[PDB]
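Within every chain, numbering begins at 1; the chains are lettered A, B, ... in the order of the sequence lines, protein sequences first and strands thereafter. The figures here come from the full heavy-atom set of this structure, side chains too, leaving out hydrogens, waters and symmetry mates.
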Amino acid sequence: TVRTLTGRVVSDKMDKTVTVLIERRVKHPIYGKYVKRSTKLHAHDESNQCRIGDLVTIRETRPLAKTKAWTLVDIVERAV
Amino acid sequence: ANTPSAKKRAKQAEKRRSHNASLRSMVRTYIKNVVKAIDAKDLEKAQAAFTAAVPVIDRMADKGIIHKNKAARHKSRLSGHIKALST
Amino acid sequence: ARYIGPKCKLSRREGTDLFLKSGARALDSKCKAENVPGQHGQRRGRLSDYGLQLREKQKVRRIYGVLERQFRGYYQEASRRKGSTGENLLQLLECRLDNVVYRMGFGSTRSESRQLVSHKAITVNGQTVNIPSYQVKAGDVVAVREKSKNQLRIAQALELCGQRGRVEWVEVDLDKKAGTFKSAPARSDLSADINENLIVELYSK
Amino acid sequence: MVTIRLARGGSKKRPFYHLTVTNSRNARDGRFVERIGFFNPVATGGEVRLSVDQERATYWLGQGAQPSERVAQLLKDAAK
RNA sequence: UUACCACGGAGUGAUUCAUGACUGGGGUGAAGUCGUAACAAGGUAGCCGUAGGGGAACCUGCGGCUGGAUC
RNA sequence: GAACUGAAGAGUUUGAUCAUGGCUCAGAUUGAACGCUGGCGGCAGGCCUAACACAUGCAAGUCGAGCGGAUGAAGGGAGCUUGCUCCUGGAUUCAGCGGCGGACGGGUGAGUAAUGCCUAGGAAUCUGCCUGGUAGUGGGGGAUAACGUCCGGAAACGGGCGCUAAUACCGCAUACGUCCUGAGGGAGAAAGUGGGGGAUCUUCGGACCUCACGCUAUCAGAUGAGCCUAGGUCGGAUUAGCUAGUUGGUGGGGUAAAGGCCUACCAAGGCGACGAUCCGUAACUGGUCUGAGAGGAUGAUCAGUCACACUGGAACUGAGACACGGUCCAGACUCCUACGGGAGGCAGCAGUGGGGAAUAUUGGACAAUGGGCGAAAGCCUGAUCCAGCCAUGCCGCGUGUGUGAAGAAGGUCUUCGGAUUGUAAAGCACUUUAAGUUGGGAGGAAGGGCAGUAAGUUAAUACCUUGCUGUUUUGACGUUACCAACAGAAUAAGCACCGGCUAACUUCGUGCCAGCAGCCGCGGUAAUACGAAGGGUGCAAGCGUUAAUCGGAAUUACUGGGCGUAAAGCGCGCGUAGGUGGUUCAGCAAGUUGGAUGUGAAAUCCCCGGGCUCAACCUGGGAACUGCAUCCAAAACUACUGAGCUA
């Protein structure tokens, strides 16, 4: 229904928002080798639960800060 | 260089700008009277300015002076502040 | 444009019977076909590999009177069309209106056929086509314009076409002086003295 | 305004027209939203003089498209 | 009248381009001077790093290598 | 059925060889330029440099059926006898208020390395004219141009004093929708014009009915625009740190709309070797060139987006602009002046000066297709359609045809016999494309006016709308494509090269001089390499040279190279990021595979056809756009998860 992305969170020293790292694998156009890529996105967290190291999910949603258009779905894995 | 049609339009717009500025100023002060009342926390004269303000802001919103969406937003924020004032 | 000049030199350079002259006389009685033209006609010297292809290229060019720009495009169209680039080649310039008229025998030589065709004296399918390079199709009828029916040149050439080898793929009615193109000839129907594989290899350089 | 007009798409002294659905502000031969048919004023043999694709012509007409004075005549001629 | 702000002005840096007395090496030259350093054991085997010395190729010491001849 | 069929090497290091290795060449192409030469036609292209400055002419006007005034005819009545003057009449077409347009169309690529472009998604929005639906268009008021007069100014023009109209402006009434709301209520508009008319009334204008064009409120659609997210988008690390509205939060303001967009306060955050920041360059894409392909180079014409309009900035009006031919200010330049002040912005179409190797007419018409206005007629349109110049390119045609030994003459070579120029000429017959002249001759035209008829509507047979009938009229180009007749071979061949690469050789003159030259190289007295002649070669209204890209170059090697000695293994360990990881079972499905759906604009590339006498060219359909997104299946391998095993 709605495209939700999964990634590892990296930073939570902000207020009501957490930064998630997205893992991608795009082949090199010529050499055809998969190279791991990074996509850090500023996710919004209405209340704060996610700490550093937890896998979470996020949706492209309302722009609600200057760099925050994605908000959390839930924690799929918690970094105990 | 300059066509007579362009000269007429500039004359027409200048006449309309003076006419519009007077009307746009009327909207601004009427809301301003309300905002001064809420900021002074004077409830009794808050709606008196407010009830005096609601006619004019849609009177020029329908005229196309401030657009109806702007007028609608002003009513809600002003009503909410007066609603918040009446506690 | 077109080559205008002495014709034995074209045959003498290569040493093959180029049909630039009417079959009234054999070429040896007209020209010294056993020497290349010019001052040094009696020398020797082996031709290089590229030279053989180029001489092969100009034989097809000089026989039909075609410049290479059309031939290169004719090669391109032959390279375009499906099948072997070899036999796709010769069919393309065998369907020329001037060459078809020469096969019909309305001209003793393709030079006569070209001038006769270009002078609006030939109508194919009833419409006058005055261009040498028109590509006729299978089933197309090629006729001579009625005002040009009394031309002695076609009258002379039609008999000269008798003692030249009756070509099978087209038939001619003498009384109407009109012929129909049945179908494009295959490799066996044309002379085997040519080497169309030398055509393709040269243009790959 | 969306309009159905003819886009001159032939050659010198040999006009060819594309029956084109487009906004009225765009140029004649420029931007469009959809081509629906064509018109050949100089068709000689097997060339179809006018093909209309009557289906899509009604849809844009039902959407408010206003055909030009040439297309309206050609539209009637197609149906007559 | 205040806020914003263009032009313009001041100071102090950075960078880039062009020039500059003079000076250093490099390359090419029709070939001049001084030697003969390497190529043969090239007539003290050569070369590498480093240090010192000398018009110059170079020389000498220390370590390393054979990409050294005879045997 | 078709959308592919596609790949050459040579010269040059040495006494000679093999390898390595660079250089050069044979090819395709260009918005090309230069030299020699030059007949025509079709199609196309044509300032790549100074986004330099611009004389001159046009490029955005239109509506009287929104409104006020002027000009005021046809047609009638009068003094005179209609020379000359006075009344009715309102046909027109006009400066100005208003409406719409001017934000389209057209030009340029300066800026811009991402607020742009491309791909795929998302939601918060606005959207004139257009379409469909719904509810209305009721009643008043106060002005101002134009107009008359006065003053000031050189001009540009400005300022008072009086008059007047509106579909100009503003109140009041009303609200199917609509806006806000303690969901109880509150708030918000408009404009009339034209044709015709059976009754009724009338101030005698009209009221009233109908039709059409309008206007208001609002919903939906379409179009267009705004915004957001993820990926991609040149070179440089001899540019490694950058950023305090900075990065989040809260309240408030602001936008049509979210958002540090702005602000107040709180926290110290945010980006960056996955290349931030900085420097240089640069519009981006579809596409174009080259290549077997993978790739490389490139972003003309045409199309989509963007940015710009003499430079910088700013807002106003408007649905839409921060507006090429609109406004304001500042600056440089040009110009006028009465010295106080004013006017302008060709990167619109022509054209000019200048720069450059280099790129065109101060053209015709709105006939066609579009655009704006208008009810329509109709007007404007340097958009567009055509024409002028240029071999600039692609394509097509011609400059003759057959016979013709005398192997004529002359030239060249010569062995002095002869050969070559050479059936080539001369001659004899012949046709005459194209060019010239004359004659005929489509189509690009859809339509408009007028009259009649039929249908729809309305109370109406009237008005109006639509379908037909008859007549008259619309072609810029154009003096058309195209077709006939006359005449005469008559009007039409030049360029490069000949030592090898590379097809094509002798002589004469010169003698390391003159010179040639892409490389090897040639020329120092018997030069197939210099200059000339003859001959030949290749090409041909073109031929060569240059400039540039790709190829050859497997010479940046993914396809597809190397590193003992030819250039190349870090002096050697450890180790971070990363890259890759033994074997078994199960799960998952990101990779992987197949299918489906949406999208991947059109044009172009390609395949099959159609129309220009063919071709170039145009065009029908298909294929393709190798990508992205979603969904559905599969679990051999990779990734992940869980559980093991010992190599």
Practice prompt. Quick one: label D/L74 by what it contacts on the DNA or RNA (base, sugar-phosphate, nothing), any heavy atom closer than 4.0 Å.
Written response: nothing
Practice prompt. Could you grab the distance from atom NZ of C/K7 to atom CG of C/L18, nearest 0.5 Å is fine?
Written response: 11.0 Å
Worksheet item: Do C/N99 and C/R110 meet the criterion of a side-chain donor-acceptor pair at a distance under 3.5 Å?
Response: yes
Nucleotides 555-558 of chain F: which of its N/O atoms have a protein N/O under 3.5 Å away?
none

Worksheet item: Which nucleotide, in any strand shown, forms a Watson-Crick or G-U wobble pair with F/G31, with both distances under 3.5 Å?
Response: none
Worksheet item: When rounded to the nearest Å, what value does the distance between P atoms of F/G254 and F/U223 take?
Response: 35 Å
Practice prompt. Could you tell me whether D/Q73 contacts a base, only the sugar-phosphate backbone, or nothing, with contacts defined as non-hydrogen atoms closer than 4.0 Å?
Written response: sugar-phosphate
Discussion item. I'd like to compare against my own output: the B/S/- annotation of nucleotides 472-491 of chain F with a strict under-4.0 Å heavy-atom distance to protein.
Written reply: -----BB----S-----B--
Worksheet entry | Side chain of A/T39 (C-beta onward), nearest among F/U506, F/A230, F/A60 | F/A230
Fill in: Spacing of the P atoms in F/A282 and F/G111 (rounded, Å)
7 Å
Discussion item. Tell me which residues in residues 36-49 of chain D lie within less than 4.0 Å of RNA chain F, going by non-hydrogen atoms.
Written reply: D/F38, D/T44, D/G45, D/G46, D/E47
Restricting both atoms to N or O, compile the protein contacts to nucleotides 135-137 of chain F shorter than 3.5 Å, with distance only.
none

Worksheet item: Given the P atoms of F/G140 and F/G192, what is the spacing between them in whole Å?
Response: 11 Å
Discussion item. Measuring only the P atom in each nucleotide, how far is F/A283 from F/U49? A whole number of Å is fine.
Written reply: 10 Å
Discussion item. From the set F/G182, F/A256, F/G538, return the single nucleotide nearest to any side-chain atom of B/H67.
Written reply: F/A256
N/O donor to acceptor pairs below 3.5 angstrom from side-chain atoms of residues 39-53 of chain C, sequence neighbours left out:
unit_1: C/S48; atom_1: OG; unit_2: C/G51; atom_2: N; d: 3.4
unit_1: C/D49; atom_1: OD1; unit_2: C/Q53; atom_2: NE2; d: 3.2
unit_1: C/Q53; atom_1: OE1; unit_2: C/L202; atom_2: N; d: 3.0

Item to complete: Find the partner of F/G363: check Watson-Crick (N1-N3 plus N6-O4 or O6-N4) and G-U wobble (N1-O2, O6-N3) distances, both under 3.5 Å, and reply none if neither fits.
Response: F/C386
Identify all pairs in which a protein N or O lies below 3.5 Å from an N or O of nucleotides 243-248 of chain F, and state each distance.
unit_1: F/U247; atom_1: OP1; unit_2: A/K66; atom_2: NZ; d: 3.1
unit_1: F/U247; atom_1: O3'; unit_2: A/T67; atom_2: OG1; d: 3.3
unit_1: F/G248; atom_1: OP1; unit_2: A/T67; atom_2: N; d: 2.8
unit_1: F/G248; atom_1: OP1; unit_2: A/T67; atom_2: OG1; d: 2.3
unit_1: F/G248; atom_1: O3'; unit_2: A/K68; atom_2: NZ; d: 3.0
unit_1: F/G248; atom_1: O2'; unit_2: A/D15; atom_2: N; d: 3.3
unit_1: F/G248; atom_1: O2'; unit_2: A/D15; atom_2: O; d: 2.5

Practice prompt. Taking only the side-chain heavy atoms of B/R24 (C-beta and beyond), determine which of F/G402, F/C316, F/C180 contains the nearest atom.
Written response: F/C316
Worksheet item: Are D/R49 and D/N40 close enough that a side-chain donor and a side-chain acceptor fall under 3.5 Å?
Response: no
Discussion item. Distance check, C1' atoms only: F/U24 and F/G552, in whole angstrom units.
Written reply: 12 Å
Worksheet item: For residues 52-60 of chain B, which residues have at least one heavy atom under 4.0 Å from RNA chain F?
Response: B/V54, B/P55, B/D58, B/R59
Taking only distance into account, with no hydrogens and no angle test, what donor-acceptor pairs under 3.5 Å do side-chain atoms of residues 31-44 of chain A form with protein atoms, sequence neighbours excluded?
unit_1: A/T39; atom_1: OG1; unit_2: A/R24; atom_2: NE; d: 2.9
unit_1: A/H42; atom_1: ND1; unit_2: A/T67; atom_2: OG1; d: 3.1
unit_1: A/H44; atom_1: ND1; unit_2: A/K16; atom_2: O; d: 2.8

Worksheet item: Can you tell me how far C1' in F/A123 sits from the matching atom in F/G184, rounded to whole Å?
Response: 35 Å
Practice prompt. Would you classify B/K68 as touching base, sugar-phosphate or nothing, given that sugar-phosphate means primed atoms plus P, OP1 and OP2, and contacts are heavy atoms under 4.0 Å?
Written response: sugar-phosphate
Fill in: Contact letters for nucleotides 416-427 of chain F, in which S counts primed atoms plus P, OP1 and OP2 and B counts the base, heavy atoms under 4.0 Å
---SSSSBS---
Discussion item. Run the side chain to side chain donor-acceptor pair (under 3.5 Å) test against C/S84 and tell me which residues pass, sequence neighbours left out.
Written reply: C/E87
Discussion item. Please pick, from F/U613, F/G188, F/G270, the nucleotide with the shortest atom-to-atom distance to any side-chain atom of C/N130.
Written reply: F/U613
Worksheet, complete the sentence: Which of F/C170, F/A8, F/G269 is nearest the side chain of A/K13? It is F/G269
Worksheet item: What integer number of Å spans the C1' atoms of F/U88 and F/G68?
Response: 24 Å
Fill in: Steps toward side chain to side chain contact (heavy atoms under 4.5 Å, CB included) verdict (A/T6, A/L55)
CA-CA 7 Å; A/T6 300; A/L55 225 66; 3.9 Å; yes
Item to complete: Could you measure between the two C1' atoms, the one in F/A155 and the one in F/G371, and give it in whole Å?
Response: 39 Å
Practice prompt. From the options F/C130, F/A190, F/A258, select the nucleotide whose nearest atom is closest to the side chain of B/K63.
Written response: F/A190
Discussion item. What's the closest nucleotide to the side chain of D/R31 if the choices are F/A190, F/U305, F/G254?
Written reply: F/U305
Discussion item. Taking any heavy-atom pair under 4.0 Å as a contact, classify A/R59: base, sugar-phosphate, or nothing.
Written reply: nothing
Discussion item. Defining pairs by Watson-Crick or G-U wobble geometry with both distances under 3.5 Å, how would you list the stems of RNA chain E with at least three pairs each?
Written reply: E:45-53 with E:58-66
Practice prompt. Test for a donor-acceptor pair under 3.5 Å between the base of F/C618 and the side chain of D/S11, counting only N and O atoms.
Written response: no
Worksheet item: Can you give one letter per nucleotide of nucleotides 365-372 of chain F, going 5' to 3': B for a protein heavy atom under 4.0 Å from the base, S for sugar-phosphate only, - for none?
Response: ---SBSS-
Practice prompt. Would you mind classifying the nucleic acid contact of A/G32 as base, sugar-phosphate or nothing, using non-hydrogen atoms under 4.0 angstrom?
Written response: nothing
Worksheet item: D/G9 near the nucleic acid: base, sugar-phosphate alone, or nothing, with a heavy-atom cut-off under 4.0 Å?
Response: sugar-phosphate
Item to complete: Report which part of the nucleic acid D/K80 touches: base, sugar-phosphate, or nothing (heavy-atom distance under 4.0 Å, all strands).
Response: sugar-phosphate
Discussion item. Using Watson-Crick or G-U wobble geometry with both distances under 3.5 Å, which nucleotide pairs with F/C25?
Written reply: F/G9
